[PDB]
Amino acid sequence: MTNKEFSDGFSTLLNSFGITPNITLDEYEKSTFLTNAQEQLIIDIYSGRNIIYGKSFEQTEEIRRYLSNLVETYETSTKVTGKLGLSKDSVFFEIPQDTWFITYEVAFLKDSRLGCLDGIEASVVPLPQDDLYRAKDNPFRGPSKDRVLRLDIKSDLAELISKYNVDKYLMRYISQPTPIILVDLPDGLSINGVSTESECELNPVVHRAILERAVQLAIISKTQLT
Amino acid sequence: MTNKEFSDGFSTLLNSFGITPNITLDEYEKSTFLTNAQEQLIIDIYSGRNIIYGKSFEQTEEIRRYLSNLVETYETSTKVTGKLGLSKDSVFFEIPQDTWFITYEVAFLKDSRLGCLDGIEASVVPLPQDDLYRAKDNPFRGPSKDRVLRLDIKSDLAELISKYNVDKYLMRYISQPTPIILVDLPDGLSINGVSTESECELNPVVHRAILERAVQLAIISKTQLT
Amino acid sequence: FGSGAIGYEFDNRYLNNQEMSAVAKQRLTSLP
Amino acid sequence: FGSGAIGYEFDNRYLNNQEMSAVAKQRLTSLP
Amino acid sequence: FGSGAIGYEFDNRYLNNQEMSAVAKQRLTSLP
Amino acid sequence: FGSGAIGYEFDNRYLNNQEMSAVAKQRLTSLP
Amino acid sequence: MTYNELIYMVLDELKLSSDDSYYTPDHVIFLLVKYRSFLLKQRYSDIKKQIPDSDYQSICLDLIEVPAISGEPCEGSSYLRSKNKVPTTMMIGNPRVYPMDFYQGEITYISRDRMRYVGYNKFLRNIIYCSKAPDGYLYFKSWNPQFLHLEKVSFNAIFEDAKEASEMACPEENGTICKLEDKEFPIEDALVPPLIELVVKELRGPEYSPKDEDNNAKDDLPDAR
Amino acid sequence: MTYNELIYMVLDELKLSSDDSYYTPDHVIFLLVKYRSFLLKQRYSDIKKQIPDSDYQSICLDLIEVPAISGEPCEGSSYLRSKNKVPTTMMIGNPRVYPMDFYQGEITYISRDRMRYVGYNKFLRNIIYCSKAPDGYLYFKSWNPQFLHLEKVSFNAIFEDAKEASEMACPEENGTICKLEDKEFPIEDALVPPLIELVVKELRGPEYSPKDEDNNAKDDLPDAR
Amino acid sequence: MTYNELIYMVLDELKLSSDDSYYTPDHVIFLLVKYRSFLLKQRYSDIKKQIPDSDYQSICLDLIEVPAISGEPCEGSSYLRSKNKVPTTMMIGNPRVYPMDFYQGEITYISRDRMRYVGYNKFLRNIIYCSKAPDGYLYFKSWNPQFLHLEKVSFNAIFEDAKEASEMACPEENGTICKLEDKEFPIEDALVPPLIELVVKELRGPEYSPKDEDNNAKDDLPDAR
């Protein structure tokens, strides 16, 4: 559906300007509720907390086709220099700043101590801070040629603790969706920092689910004190 | 049922212009609710979440006869060149952009290394990103001559990870159904980007179920605040 | 759950021991 | 729960004992 | 709960007694 | 509840009895 | 019977029909090939019994002359050896290397240890001997310099890996069978129902076990996810 | 009794009547033949007993003269082999090759290993021999050159596959029977209730097992779908 | 007792009275005929015991002279054989071919293997011998050319298939009994209660099992439909 179609279908579903009691919303509130429904729906779908689907990020073809247009892949070889880490062999990499959730994450190693296993594609294992001290010396769960431990820290950084030097950092995440803004907003207003019109980037299948969730959100908004 | 029959049955079931209290809809509202009922019904049928049916995409003859007319087959040999993947031997193929859910997905291989087995049809296995690292080296679930890993990425793409070169990519998916538009809509209006009349392409068996669901959606729309 | 890669061999070994016990009592007599 | 590194050895040892008992009865007779 | 520091040794002793019983029937015969 | 100061001794004594029964069958043969 | 029939019997007993199944036919091939050797050892190792003809396979080897160690003069006499590595035989059947005719010729397949010391008997100085070296190749040895001209032999034995020896299978009259699934599985029918039962028991429990299904940077098996 | 009666008895006991059933009659055929071989070996391998004529089965073979290795002057004497591959026999009965009259002729069927060293005895020089070679064909050898003229023989034995020997069965007086389902199943009626019980037990549990029904790019077996 | 009484005893024990029953009387006949041979083997194979007269049946055969192989001169002497294929006897009773009078004549029913070599004894050159060839016919052999004039014999044995030998039953004084249900079942009463128990146990479980009952292009047995 297009922005015109979002607006028209949304008005039809709310029975705006009908003879029965109804709700009429501005295009700004339509944008607000559509965006809120979009983000709530896709977070619930990623976490698997939506009862109607009850399915996780890539657990069926339905969810694949819903959130296929948010997954972006990122590479980086620049290491942030001045930071304090929990290990001498700890390197820091900057996050693309539009990430929500990291789903795949990999590091490539370039060390002369790796023999003929140079450039070994090592899995990045996110580890809690309880496990770190006892995982540093773990030979089965600690850093190795086939394992890298990643810890999240402030300023959107990723502390990669590795036994060997890390040259590159490959990662695949769910990206910020473009908000659903049905009209170029006046000066001052914006949704997620966007002021002009902005079409939903997901597949058309989930647009109607977003529409009904937005309608329910609007009804709750106007009928939470009555 | 035809568009005229759709509208007339919709009016008859809604008791339009009868002596009792009732609901009267415009042909645009009838089209909107018929399309919403259609797409809700087929998605619930495909996912097997309809309590009335309780059957999946092709789990019985009834559901076959319902969604037979959305099943579309697709072939492609072109590969998208500039993309960043999760492996060196990763090729990217475009999706037809009208797909809803991929149901059959197979890949023919052309490589010299698999000698005398050349042109082997290979089963595309949709694999989540959790399993990718531990499936790349898997000789039973990883890429091989009889198995290819497909990962969904942005911009309606399919990242095929194979050990051998992939020449052709075959699909059989569920398509976007044509909307149920009962009248040539005025300028500006559209349903799914279609402005002219659009007849339901499914079988007449499910047209009356679609009509019942559309009627229920209409009453819900008019009777959600009273 | 299910797996018989250890029970099958133990049963086979038990029956092999029974086999050897049975055939160890076989005698071709003398003094007729 | 489950771990069969001590059950396996004890069953194998039991079967070894029974095998030794079986073969210890074997004789090659005389006086024909 | 769980602990096998007393059951393991008793099982081992049982199998040792079976071992000694099995090997105590071994005879190298005479009179051929 | 639990206390194994009498179960342990009785199991050990049972194994001692069975060991004495085993070793009491041992003989060093003659007449070669 | 062929690999295809056994594989799909196992799959249909397990009902692993969907392409979106965790346990693919490759797991089935692996389990079948291992349980075959397991059953054959369990049946034909306790005491010597007749082995049927179904348990055997014929591989065909191409021999090449190689130095004993290197090209030195004093490094001993040269040996022939198969071009490619040879499968390991089980010790239960009737291994035999024959010169493309099973009913003729005398090439003796012996142990690695024995072949160190063979042919010193004056009447056994013309007998070709065979063994699989730790290199993984079949090495040939004899005191009769005519043996070095040998170019092709076929080896019939109950090979320990059906997949390896079937890949090395000898060319048929029609031609080579490319796909392993269309080749013939090496086992007697009286051992097939037990083999299917063992493999199906092996994968029945794992078939219905939970998965770490949520992509949340977390281990989800303790929660039976 | 024919294959049809046994197959449909198993199916009707399983009540696999709907054409939309997972387990087709071919599963039944495969299981029946493999359990036939299993039961025959279980009954007639432990000790020697009488095998009834019902477990025996016959095939027709056409013999062609072939070289031992290839066409060469010094590669040895030629052999006679069946045109088509021969089913493996079970070492439990009385395998016999006869010249289309069971009560006449002496064509011995011996082990493949024995057949190398045979015919040296002066009085055994006119006896025709057989053995299923690793190639799969039934080779013939003798010292009396007249054997090469032999053109057509029959072979009676308890074959490993009932289906393979049924396909190679001798023509009847009426003619050939096109359908395998219309041929006589080679098992004694005293062994049929055990066979049906074993096969029905094989397929009872699987008959009610869950399937991966949903088409959702997911394994649905852990959820009992 | 007749086939009808046994069949309807089984049916009434199972209460398969409605015409709309899955298991028809044909299943009952099949199971009865197989379990009869099963019980007879189980009782009269371990050690030799007296077999009653109820276990036997007399078939009557019409003999025709046939060549040994074909019409050649040197293809051996001709044999007589029954016009139709003969049932297979079990090896537990007292098989006997008699010339329409049980108390007279000497026609010996022997094994297939033995009949290859019979009559070389000068005093046994006038004895007619019988055996069931792998063809399925009863072949006759002797050294006394008078045997070829024989036209009719009756064969009394414990036949392995009651249905086959009852179909070949000899004409009674009143006339032929067309329906098998009106013929007499071949079993002693002391084996009838066990036979009914075994058949009823065989079909009791299947009687109450679910069916794939919905016509929906789906297998409905996993859901216990």
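Every residue, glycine as well, gets a Cβ built from its backbone with ideal geometry; the counts of neighbours run over all protein chains shown. Laboratory data are not the source of any read-out in this text; all were calculated from the coordinates shown.
Numbers for the structure displayed
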| item | result |
| --- | --- |
| Closest-to-axis residue of chain B (Cβ criterion, axis taking B to A), whole Å | B:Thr226, 24 |
| P(r) of segment I:124-210 over all Cα-Cα pairs, binned every 10 Å from zero, in whole percent | 12, 28, 28, 20, 9, 3, 1 |
| For B:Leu225, distant residues with modelled amide H under 5 Å away | none |
| Charge dipole magnitude, Cβ of K and R +1, D and E -1 - the protein assembly as shown, Cα centre, debye nearest 20 | 7200 |
| Listed pairs H:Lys34/I:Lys49; H:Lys15/H:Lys85; H:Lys48/I:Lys48 exceeding 25 Å between Cα atoms | H:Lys34/I:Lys49; H:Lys15/H:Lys85 |
| Positive-end extreme of charge dipole, chain B - chosen from B:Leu109, B:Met171, B:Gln216 (charges on Cβ) | B:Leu109 |
| Folded to 0 to 90 degrees: helix B:207-222 orientation relative to chain B principal axis, Cα | 70 |
| Backbone HN-Hα couplings from phi across segment G:111-119 [Karplus 6.51/-1.76/1.60, Hz, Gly and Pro as x] | 6, 4, 5, 5, 5, 4, 10, 9, x |
| Assigned charges on the beta-carbon of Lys, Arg, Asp, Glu; chain G dipole about Cα centre (debye) | 1480 |
| Distant-in-sequence amide H partners of A:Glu105 (H built 1.01 Å from N, under 5 Å) | A:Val124, A:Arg172 |
| Restricting segment G:157-191 to GluC sites (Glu not before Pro) in coil, as DSSP defines it, with at most 12 other Cβ within 10 Å | G:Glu172, G:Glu173 |
| Principal-axis tilt of helix B:3-14 within chain B, Cα atoms, nearest 10 degrees | 60 |
| Förster radius 25 Å - calculated FRET efficiency between B:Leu13 and A:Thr2 (Cβ-Cβ, nearest 0.05) | 0.25 |
| Entries of G:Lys163/G:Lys211; A:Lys136/G:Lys211; A:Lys79/A:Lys154; A:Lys136/B:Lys88 with Cα pairs more than 19 Å apart | G:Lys163/G:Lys211; A:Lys136/G:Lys211; A:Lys136/B:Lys88 |
| Dipole of segment G:75-220, positive direction: furthest Cα of G:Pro194, G:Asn174, G:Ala217, with charges on the beta-carbon | G:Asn174 |
| Positive-end extreme of charge dipole, the protein assembly as shown - chosen from H:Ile127, C:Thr29, I:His149 (charges on Cβ) | C:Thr29 |
| Using θ = phi - 60° and Karplus 6.51 cos²θ - 1.76 cosθ + 1.60, couplings along segment H:47-54 (whole Hz; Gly, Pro as x) | 9, 7, 9, 7, 9, x, 5, 6 |
| Interchain or long-range residues, amide H under 5 Å from G:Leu80's placed H | G:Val66, G:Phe140 |
| Axis-nearest residue of G (beta carbon) for the G-onto-I rotation, whole Å | G:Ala224, 25 |
| Simple label model, 7 Å out from Cα along Cβ direction - G:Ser45 to F:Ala5, nm | 5.0 |
| With 10 Å bins from 0: P(r) over segment G:35-119, alpha-carbon pairs, percent | 13, 37, 33, 14, 4 |
| ³J(HN,Hα) computed for each position of segment I:153-168 - Karplus, 6.51 cos²θ - 1.76 cosθ + 1.60, integer Hz, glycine/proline x | 9, 10, 10, 10, 6, 8, 6, 6, 10, 4, 5, 4, 6, 6, 5, 8 |
| Other copies of G:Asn144: label-to-label distances in nm, shortest first, labels 7 Å along the beta-carbon direction | 3.2, 6.1 |
| Acute angle (nearest 10 degrees) that the helix G:192-207 long axis makes with the longest principal axis of chain G, alpha-carbon atoms | 50 |
| Low-density loop positions, chymotrypsin sites (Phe, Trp or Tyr not before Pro), chain E - DSSP coil, at most 13 other Cβ in 10 Å | E:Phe1 |
| Other copies of A:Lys222: label-to-label distances in nm, shortest first, labels 7 Å along the beta-carbon direction | 1.8 |
| At 7 Å out from Cα toward Cβ: G:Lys218 inter-copy label distances (nm, ascending) | 1.7, 3.4 |
| Dipole magnitude of segment A:14-66 about its Cα centre (Cβ charges: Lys, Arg +1; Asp, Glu -1), debye to nearest 20 | 180 |
| Residues in segment E:1-20 reached by a label modelled at F:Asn12 [backbone nitrogen below 16 Å; 7 Å Cα→Cβ] | E:5-14 |
